[PDB]
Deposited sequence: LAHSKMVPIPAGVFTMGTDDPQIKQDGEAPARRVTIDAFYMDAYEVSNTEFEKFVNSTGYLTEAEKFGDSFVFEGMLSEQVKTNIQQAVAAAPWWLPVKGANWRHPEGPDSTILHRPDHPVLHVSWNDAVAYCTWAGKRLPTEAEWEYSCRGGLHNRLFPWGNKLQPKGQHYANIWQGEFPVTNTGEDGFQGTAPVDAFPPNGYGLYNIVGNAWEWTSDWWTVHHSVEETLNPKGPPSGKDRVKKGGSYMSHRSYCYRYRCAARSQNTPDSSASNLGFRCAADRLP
């Protein structure tokens, strides 16, 4: 296991966003050409084991632990009736106090806030990716495709990401092999060597959230200088076409930086190898 390995994301220009937005309120549009300098991206979401190394090293208490609760999806026992603030739910106890991570060390760490993620990545000699870096990486060298691998959800009849199958939120069939999270090295890599960049856990990025984007060409954009929510990308194991169609690289959502949930994790990036 090398679940902290990074891959070189090549220098390039890509179309960020889309002129065919699927969720218009999220500012998926307009499409804009963005230039990204070569950098490194974690091949995997940060796993429980990797996060545990950080916590072992630093003694870090995550915000969910300090707050004493975090959001858990009702189906595994608010923004929606299916989100419950559960006392004692945190990265070590992802569905509450009588859940454990002992059997899922290689699954993505959850209930980590933006601050928690920044703490981890910086500890690791890394940083959060910007939204543009994240999306560029997600797209895996393809232009204007829905998903890291293309435009078909199940290419060649194969599941390519851990999302929801069935009727959300009542029934997750686990057709793709995972009802909750999957190991961080599950599913095929995209063209750049990234695993679970869409689906599995949502992923924090460094950007403040805005829905107002210029069509101006940009270089290594960092997002707006101010905001109240940070950008998260990629969807999760709860995502479905019918209500949270955000397992697309262009998709985007947000949360306040102190937010945590049972479907939200992260991966790091770095300008050079740490």
Counting from 1 along the deposited sequence, which stretches were left out of the model?
78-89
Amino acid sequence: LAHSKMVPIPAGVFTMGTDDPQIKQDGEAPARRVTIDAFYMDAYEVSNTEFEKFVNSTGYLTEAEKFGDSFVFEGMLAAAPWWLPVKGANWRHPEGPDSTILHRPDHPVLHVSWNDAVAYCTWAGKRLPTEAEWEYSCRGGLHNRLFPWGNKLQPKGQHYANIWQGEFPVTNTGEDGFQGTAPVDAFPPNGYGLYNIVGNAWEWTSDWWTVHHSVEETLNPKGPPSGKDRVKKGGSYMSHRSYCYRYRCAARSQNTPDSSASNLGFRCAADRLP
From here on, numbers count along this sequence of modelled residues.
Mean C-alpha B factor from the entry: is it higher for 133-141 or for 87-95?
87-95
For the higher mean C-alpha B factor in the entry, choose 251-259 or 19-27.
19-27
Identity of residue with top Cα B-factor, from 121, 112, 80, 198:
80
Which one of 50, 207, 42, 217 shows the top CA temperature factor in the record?
217
Among the modelled residues of its chain, does the C-alpha B-factor of residue 75 lie in the lowest, middle or highest third?
highest
By the record's CA B-factor, is residue 117 among the lowest, middle or highest third of residues in the chain?
lowest
What third of the chain does residue 165 rank in for C-alpha temperature factor, lowest, middle or highest?
middle
Split the chain's modelled residues into thirds by Cα B-factor; is residue 230 in the lowest, middle or highest one?
middle
Sorting the chain's modelled residues by C-alpha B-factor, tell me whether residue 236 ends up in the lowest, middle or highest third.
lowest
